[PDB]
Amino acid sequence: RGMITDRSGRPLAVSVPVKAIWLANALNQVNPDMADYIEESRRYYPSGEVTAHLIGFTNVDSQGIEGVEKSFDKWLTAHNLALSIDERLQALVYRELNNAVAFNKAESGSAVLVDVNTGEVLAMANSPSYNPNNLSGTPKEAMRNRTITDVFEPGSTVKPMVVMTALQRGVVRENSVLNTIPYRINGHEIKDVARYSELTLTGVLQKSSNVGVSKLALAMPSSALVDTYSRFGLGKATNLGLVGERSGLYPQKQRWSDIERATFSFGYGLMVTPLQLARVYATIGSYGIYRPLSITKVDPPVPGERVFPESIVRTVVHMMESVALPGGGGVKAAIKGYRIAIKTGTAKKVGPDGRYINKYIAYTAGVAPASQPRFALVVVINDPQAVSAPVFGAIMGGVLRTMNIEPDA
């Protein structure tokens, strides 16, 4: 069985020689020193719970049963496998996410970090996790790689795409001040967190205005946003090769009512995985270049495919900087010395029967450093009892420092 390593060779799964037995005191997967006092193999996982969801585990016979171990079983069973993951980044991500999940007493949390220039997954973590070196008393719900198996309505994180589309289609000018007074579609209330009489395009992102974006959406054909979200990869498979990998939920509708058109512009009526959202934000970070994702190491250059005009995406990335500046909702994500471009917010959870219950997903997505993004990051916190904004700041701050990126502000 081949070794799974991180992108620089750091060991993440290593086969370890153990003996089997086919006396009463010793015996009551046997250690070498105890078999002699009286052939098979087992796996050792040096990062343990830090990368458990991604790497998975094998069974008694050394067959892969979950995660990378199962997904690349034939490759491993006989080559090594260098993942795209950077273990320093993985460990810091896990640390911040795990402790944030604990502090807010949430059900779970997930974090994905993507290299903007390559499509590489540099970190992929969830909490609660489990120790793959000892699978015992670990509940099934703590084992899912939620970054790829769980889905949620992306809410405000789609809003930058609404502004890009609307500028692109001449529905609005960079000049424009929008009427953002709350209003009704039938009896459906469209309103923001607070009341704002009017806003700038920047303001529409800065205050995350649902009113603002719904008016942009209704000024264009229903097909516009369907086209833009798809270009950014929403509703499309992420293709890592991982078992349990999901492709979200995506409308397949020719005819849209007015309210549906409005709620699409603020991220309802579709669902994403944390990983698809990371890929949205990597396509924002490259200023409109779509690149396929990879959990295995990849050498640059990766040309990818331009799906949206650079100048439009640069403009909107600038607008997004306001979210993490005073007055913006993501102010708690700010990093001393760095420009960041983020969206933060909230989506109501779906219950057992598929009906909304009173519990929330909190999410922060973004790229840094804003003057030329290198990393796309997504932080999702499930049912904590801008909860995700500080976590994003702490994680992204660590990433920038570890990777020696020149301060920006």
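Counting begins at 1, following the sequence as shown.
Counting the unmodelled positions of the deposited sequence between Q385 and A386 gives a gap of 4 to 9 residues. In the deposited sequence, the stretch from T200 to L201 has no residues without coordinates, so the chain runs on without a break. Look at the C-alpha B-factors of 213-221 and of 329-337. On average they run higher in 329-337. The stretch with the higher mean CA B factor, choosing between 285-293 and 135-143, is 135-143.
The entry assigns its greatest Cα B factor, within the set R88, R246, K191, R169, to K191. Listed residues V50, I381, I342, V30 were ranked by CA B-factor as deposited; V30 comes out on top.
Sorting the modelled residues of the chain by their CA temperature factor places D115 in the lowest third. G56 sits in the middle third of its chain by CA B factor, as recorded in the PDB entry.
Placement of the Cα temperature factor of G366 within the chain: lowest third of the modelled residues, per the deposited record.
The PDB entry assigns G9 a C-alpha temperature factor belonging to the highest third of its chain's modelled residues. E153 sits in the lowest third of its chain by CA B factor, as recorded in the PDB entry.
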